[PDB]
Amino acid sequence: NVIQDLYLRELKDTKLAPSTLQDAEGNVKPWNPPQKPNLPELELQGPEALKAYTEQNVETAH
Amino acid sequence: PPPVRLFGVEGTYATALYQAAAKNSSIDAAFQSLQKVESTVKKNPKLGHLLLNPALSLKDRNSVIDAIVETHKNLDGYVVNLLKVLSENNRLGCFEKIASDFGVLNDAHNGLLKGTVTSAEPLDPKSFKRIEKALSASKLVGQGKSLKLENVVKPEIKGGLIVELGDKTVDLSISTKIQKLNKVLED
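Protein sequences, first through last, are from chains X and O. Per the entry's author numbering, the very first residue in the first sequence carries number 1; after that it's consecutive. Per the entry's author numbering, the very first residue in the second sequence carries number 7; after that it's consecutive.
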């Protein structure tokens, strides 16, 4: 009765209330990419270090 | 003890009066006299309803009783013994209350029931009659008991109806259904 009246009135006269996807974007964190793939620097590259190390520590093992 | 027990003081008076006059089997007489004295209180609207207020003594009160039986000595006499009692107990503010209460007990003894059809507006006489018939038809009025179904206007209850009698109600009203509906849409 009143159930029917409400059911009808409610459903018909506005089903959903307005919404916009564009507005949502502002209020949510946007995807942003990691910066740089990165490559590790060549650690202790070449015998520059070795020649230095042999001389630097010619320290024996006692 | 006589059917229907109205709990509460002043209805302890009514109960006593009722049971006493039921046991004296002179309830119609009592009722009639009670109506008459109630009427003569109402028809003594100033200076005998506006001096039911306490302030008067026992002795001044006794002279009020004398004035009451002076207005008509057509009183039952059991209700004159009740008048004396009320004077002695020094209350008479609830006098018409006791009368009304005796009325409930009395008309219960008669069997008469009262109902109600509260609505926002006075409904069809057809509705009134159909409901009275229906209630009499239904076990709700057991029969050997009568229904003074009274529609009352209560704009506060928006539309609808509530049928009332015997502390059993069926409430098909718009306000109540709306309440439940509002709630279900708060989910």
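Even for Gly, the Cβ is constructed at its ideal location relative to N, Cα and C.
Taking a beta-carbon distance threshold of 8 Å, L6/X counts as an interface residue toward chain O. Under the 8 Å criterion on CB atoms, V28/X is classed as non-interfacial with respect to chain O. The Cβ atoms of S125/O and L64/O lie no closer than 8 Å to each other.
Excluding its 5 nearest sequence neighbours in each direction, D66/O has no C-beta neighbour in its own chain below 7 Å.
At a beta-carbon threshold of 8 Å, none of the residues of chain X lie near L141/O; the nearest stands roughly 21 Å away. For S179/O, same chain residues with a beta-carbon under 7 Å away, outside a window of 5 residues either side, are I163, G165, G166, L167, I168 in chain order.
Inter-segment contact for the segment 53–61 of chain O and the segment 109–121 of chain O is absent: fewer than three beta-carbon pairs are separated by less than 8 Å.
Collapsing the DSSP output to three states places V123/O in a strand.
Pairing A20/O with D107/O gives a Cβ-Cβ distance under 8 Å. Within the segment 120–193 of chain O, the complete beta strand (DSSP E) segments of 3 residues or longer fall at 122–125, 157–159, 167–171, 174–178, listed in chain order.
Buried is the label assigned to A27/O, since at least 16 other Cβ atoms lie within 10 Å of its Cβ. One Cα belongs to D13/X, the other to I184/O, and the distance between them is close to 18 Å. Per DSSP, the unbroken alpha helix (DSSP H) holding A49/X starts and ends at 48–56. Close partners of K183/O in chain X (Cβ separation under 9 Å): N1, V2, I3, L6. As the crow flies, the alpha-carbon of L40/O is around 19 Å from that of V15/O. Under the three-pair Cβ rule at 8 Å, the segment 11–25 of chain X does not count as touching the segment 73–92 of chain O.
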